[PDB]
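For reference, the chain that follows is the form deposited in one PDB entry, supplied as structure tokens.
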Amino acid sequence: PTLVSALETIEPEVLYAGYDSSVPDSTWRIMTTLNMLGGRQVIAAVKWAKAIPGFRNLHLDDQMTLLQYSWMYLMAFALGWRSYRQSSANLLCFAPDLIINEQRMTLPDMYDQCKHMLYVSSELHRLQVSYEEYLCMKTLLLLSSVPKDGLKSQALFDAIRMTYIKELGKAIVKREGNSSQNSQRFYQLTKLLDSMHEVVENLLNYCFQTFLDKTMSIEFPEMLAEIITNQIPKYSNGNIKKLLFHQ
């Protein structure tokens, strides 16, 4: 079987919010439900990441580092895709029973962040992104940030990253053809992945409740998910090589 179809099978079922819409709107209840959903999304993200080809073959300290940097990248990109595939970048589709209109979030500080999240769906809409392109792109967001000093299994990471870069290229070829059109498209899609660093920096700034200097050296996925969930870690930019396709 193809590497895209392996990424397609491991992609989880959509989570439902468990939210009553027939009752009158309570912003307290929405935010409570979002927090419960976000915790469940981190369980699903870690489970997904461990099923990615190549990821298991890395060192466990490398595996737990990548997920610590990349959890918000994955959730916010997937949010972009769902919002794109449902409403066409008008509504924030957190779950099928928890769709938030932008005009509902009237507060400037909340509105500002909804724009950052809607930017991802807008660009997915603008570039008319394929489901196979999304799958490769999402895998590259797991592999988008590295420690400054470096990983333990650094040479294997590079080879894992470059094969998923090639797999994005393969997903571009299936659209139509022409070397000019493909190169330009590969530019556009990598420019979006680059811009996710600036998107996530805002979203993390908004919600983080613990600042750490370096990554925590965790071994086990049951521990990891609880560490991310309870304290919502922001790791300092000085010790992260944020990988970019373009300067």
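In case it trips you up, residue 1 is the first one in the sequence shown, and so on.
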Comparing 209-217 with 36-44, which stretch shows the greater average C-alpha B-factor in the deposited entry? 209-217
17-25 versus 227-235 - which carries the larger mean C-alpha B factor in the record: 17-25
One of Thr139, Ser87, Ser121, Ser130 has the largest Cα B-factor in the entry, namely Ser87
Which has the highest CA B-factor per the PDB entry: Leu91, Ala95, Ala159, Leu168? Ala159
Sorting the chain's modelled residues by C-alpha B-factor and splitting them into thirds places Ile99 in the lowest
Which third, lowest, middle or highest, does the C-alpha temperature factor of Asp61 belong to within its own chain? highest
Position of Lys191 among the chain's modelled residues by C-alpha B-factor, lowest, middle or highest third: lowest
Third of the chain, ranked by Cα B-factor, where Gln154 sits: highest
Of the three thirds of Cα B-factor ranks in this chain, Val200 occupies the lowest
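The discussion below concerns the form solved in complex with a partner chain, not included here.
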Has each of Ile43, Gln63 and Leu67 got a heavy atom lying within 4.5 angstroms of its partner chain in the entry with it bound? yes
